[PDB]
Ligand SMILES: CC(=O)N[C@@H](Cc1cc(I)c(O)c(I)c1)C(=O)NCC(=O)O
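The form deposited without the named molecule is given below as one chain in structure tokens.
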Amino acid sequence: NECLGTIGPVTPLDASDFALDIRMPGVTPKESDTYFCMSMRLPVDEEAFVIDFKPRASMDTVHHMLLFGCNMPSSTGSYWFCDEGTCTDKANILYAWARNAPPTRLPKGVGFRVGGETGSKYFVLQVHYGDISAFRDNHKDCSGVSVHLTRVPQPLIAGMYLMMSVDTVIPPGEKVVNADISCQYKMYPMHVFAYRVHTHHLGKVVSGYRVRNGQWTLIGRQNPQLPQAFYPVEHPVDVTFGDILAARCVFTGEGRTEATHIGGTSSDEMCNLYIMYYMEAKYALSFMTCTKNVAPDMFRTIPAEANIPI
């Protein structure tokens, strides 16, 4: 969408609300599959809540976009290459826009807390450019996201539960390799409303479950070779103190001459499940992570759907 020029990136909406436009600074990629990142410091120091996102993408050039909150972006520059980087501290995903899979709105009453003493001080925007045939006129791209911020405290607070593999090894030619992740939940209740899967080219299927008294309840199941948007949960699912969260990525090693481990390049793999939730404001925390497998034997009773392509 058009570069903003003289009016700048901040639009006053109310005596308590404003829109912040986070856009690439007129970039022109020279190669296919280029990842550009840029950052924006929040204009306010006090606590604010992110309550809406509007995509400002070219429907010709942009393949996907992600928006993160963090305190230390990887570069102090105007823009940089980030094949998967973003920040030096923890990059907290807030929004995904995927071509051919339209985003779903935040439920009303729900917001991410940012700024203040403990919230993100920066937004970091990652834009993935696919086919660069539309850049033949050498035009400058200002694609990005418009974010609606308010100072009005929200009754429900949005957060992310990230489940990720660390130790996976996929030997070459191997028909099937499973990456299993599991943790005990020990916070106040969260309600999952959306999910995103992330794998590289070897991933076949990713599934996430809440396990309670041995019973498996589906959160999300998706082919990671399909556009990696945040997809809505079929049915709102609570996760409560005592529950186990379990996830499985199914990989193959076929077409590879050497072993494939977890890493940041296309020659490596990832097994990431992003579980987007809301919590009551007075109970809420903004992020949780599972990088372990605390109940490995539990996976004997995983539903069969977790083992076959969607």
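Start at 1 and count along the sequence shown; that's the residue number. Only residues modelled in both forms are compared. In this text, rigid core is short for the largest set of C-alphas that superpose within 1.5 Å between two forms.
Keep in mind that the form solved in complex with the named molecule is not shown, yet the notes after this line are about it.
Peer 1: Could you check which residue among 262, 38, 284, 62 gets a heavy atom within 4.5 Å of the named molecule in the deposited bound form?
Peer 2: It is 262.
Peer 1: Looking at 113, 198, 221, 99, which has any heavy atom no more than 4.5 Å from the named molecule in the deposited bound form?
Peer 2: Of the candidates 113, 198, 221, 99, 198 is the one lying within 4.5 Å of the named molecule in the deposited bound form.
Peer 1: Is residue 66 near the named molecule? Define near as a heavy atom within 4.5 Å, in the deposited bound form.
Peer 2: Looking in the deposited bound form, residue contacts with the named molecule include residue 66, since a heavy atom lies within 4.5 Å.
Peer 1: Would you check, heavy atoms only and a 4.5 Å threshold, whether residue 52 touches the named molecule in the deposited bound form?
Peer 2: So residue 52 counts as contacting the named molecule.
Peer 1: Using a 4.5 angstroms cut-off on non-hydrogen atoms, would residue 13 count as touching the named molecule in the deposited bound form?
Peer 2: It does: once the named molecule is placed as it appears in the deposited bound form, residue 13 has a heavy atom within 4.5 Å of it.
Peer 1: Would residue 147 count as touching the named molecule in the deposited bound form under a 4.5 Å heavy atom rule?
Peer 2: Output for residue 147 is yes: heavy atoms within 4.5 Å of the named molecule.
Peer 1: Suppose contact means a heavy atom within 4.5 Å; in the deposited bound form, does that hold for all of 19, 105 and 270 with the named molecule?
Peer 2: The answer is yes: all three residues contact the partner (heavy atom, 4.5 Å cut-off).
Peer 1: Determine which one of 174 to 182, 130 to 138, 147 to 155, 71 to 79 lies within 4.5 Å of the named molecule in the deposited bound form, judging by heavy atom distances; exactly one does.
Peer 2: Only one stretch qualifies here: 147 to 155.
Peer 1: Between 85 to 107 and the named molecule in the deposited bound form, list the residues on our side with a heavy atom within 4.5 Å.
Peer 2: 90, 91, 92, 93, 105, in sequence order.
Peer 1: Considering only 159, 119, 85, 227, which residue exhibits a C-alpha shift of no less than 2 Å between the shown form and the other one, with the rigid core used for superposition?
Peer 2: Comparing both forms, the shifted residue turns out to be 85.
Peer 1: In the deposited bound form, the Cα separation between residue 84 and residue 78 changes by 3 Å or more relative to the shown form; did it shrink or grow?
Peer 2: Closer is correct, given that in the deposited bound form the C-alpha spacing of residue 84 to residue 78 is reduced by at least 3 Å.
Peer 1: Comparing against this form, do residue 84 and residue 74 have their CA atoms pulled together or pushed apart in the deposited bound form? The difference is 3 Å or more.
Peer 2: Closer, not farther.
Peer 1: Once the rigid core is fitted, tell me which blocks of three or more consecutive residues have Cα atoms all displaced by 2 Å or more between the shown form and the other one.
Peer 2: After superposing the rigid core, the only shifted stretch between the shown form and the other one is 83 to 85.
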